[PDB]
Amino acid sequence: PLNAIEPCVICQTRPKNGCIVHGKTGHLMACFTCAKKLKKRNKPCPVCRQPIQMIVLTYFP
Amino acid sequence: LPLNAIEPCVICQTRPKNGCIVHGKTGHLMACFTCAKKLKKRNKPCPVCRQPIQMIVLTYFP
Ligand SMILES: [Cl-]
Ligand SMILES: [Cl-]
Ligand SMILES: [Zn+2]
Ligand SMILES: [Zn+2]
Ligand SMILES: [Zn+2]
Ligand SMILES: [Zn+2]
């Protein structure tokens, strides 16, 4: 996934570490800060429009 | 920026890192969904932090 290393598609600054979770699937295209704002404002997933169940701060060990 | 995100699953060394191991509010992404599901199914902890595995999230990269 060559886009995994590109910046947050919302702020184009921070890395993609704000995983938007819904059930057993996640869309990772946004930083924790950007993804938390969406959760806080009760917005859906930007790409699939499923509700945001949680934000997971994603590390690549 | 996490340049290691595009390296393969550290377990099978084949499939991409799309098996996010979730525990509390954090996730360790270093394994494919297949490999991460086997760990969860067999009730193993997170390979790198040993926290219990709450869930595996099949991670897509829009
Ligand atoms: Cl959250
Ligand atoms: Cl699971
Ligand atoms: Zn952002
Ligand atoms: Zn989504
Ligand atoms: Zn694997
Ligand atoms: Zn862990």
# chains A, B, ... in the order shown; residues from 1 in each chain; ligands from 1
>>> interface_residues(of="chain A", to="chain B", cutoff="6 Å", atoms="only C-alpha atoms", output="number ranges by chain")
A: 1, 5, 15, 24-29, 56-61
>>> residues_near_ligand(ligand="ligand 3", cutoff="8 Å", atoms="only C-alpha atoms and all ligand atoms", output="number ranges by chain")
A: 7-16, 30-35
>>> atom_distance(atom1="atom CA of residue A:2", atom2="atom CA of residue B:32")
15.5 Å
>>> atom_distance(atom1="atom CA of residue B:12", atom2="atom CA of residue B:36")
10.4 Å
>>> residues_near_ligand(ligand="ligand 4", cutoff="7 Å", atoms="only C-alpha atoms and all ligand atoms", output="PyMOL selection string")
chain A and resi 20-22+26-27+45-50
>>> select_by_dssp(residues="chain B", states="alpha helix (DSSP H)", output="list in words")
residues 33, 34, 35, 36, 37, 38, 39, 40 and 41 of chain B
>>> write_last_selection(atoms="N, CA and C atoms", output="tab-separated table (two decimals), in the first residue's frame")
chain	number	residue	atom	x	y	z
B	33	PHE	N	-3.79	-9.40	7.91
B	33	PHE	CA	-5.07	-9.78	8.55
B	33	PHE	C	-5.08	-11.29	8.88
B	34	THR	N	-4.65	-12.13	7.95
B	34	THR	CA	-4.59	-13.60	8.11
B	34	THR	C	-3.76	-13.94	9.35
B	35	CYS	N	-2.53	-13.43	9.41
B	35	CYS	CA	-1.59	-13.75	10.50
B	35	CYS	C	-2.16	-13.19	11.81
B	36	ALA	N	-2.67	-11.95	11.80
B	36	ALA	CA	-3.18	-11.29	13.03
B	36	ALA	C	-4.43	-12.02	13.54
B	37	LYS	N	-5.26	-12.54	12.63
B	37	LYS	CA	-6.50	-13.30	12.99
B	37	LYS	C	-6.14	-14.62	13.68
B	38	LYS	N	-5.10	-15.30	13.20
B	38	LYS	CA	-4.63	-16.56	13.81
B	38	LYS	C	-4.29	-16.27	15.26
B	39	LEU	N	-3.54	-15.18	15.52
B	39	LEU	CA	-3.14	-14.82	16.91
B	39	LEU	C	-4.39	-14.62	17.76
B	40	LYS	N	-5.36	-13.85	17.25
B	40	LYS	CA	-6.60	-13.54	17.99
B	40	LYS	C	-7.37	-14.84	18.28
B	41	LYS	N	-7.61	-15.64	17.24
B	41	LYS	CA	-8.33	-16.94	17.31
B	41	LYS	C	-7.70	-17.81	18.41
>>> atom_distance(atom1="atom CA of residue B:46", atom2="atom CA of residue A:44")
28.5 Å
>>> residues_near_ligand(ligand="ligand 1", cutoff="7 Å", atoms="only C-alpha atoms and all ligand atoms", output="list in words")
residues 36, 39, 54, 55 and 56 of chain A
>>> select_by_dssp(residues="chain A", states="strand (DSSP E or B)", output="list in words")
residues 7, 15, 18, 19, 20, 21, 22, 25, 26, 27, 44, 51, 54, 55, 56, 57, 58 and 59 of chain A
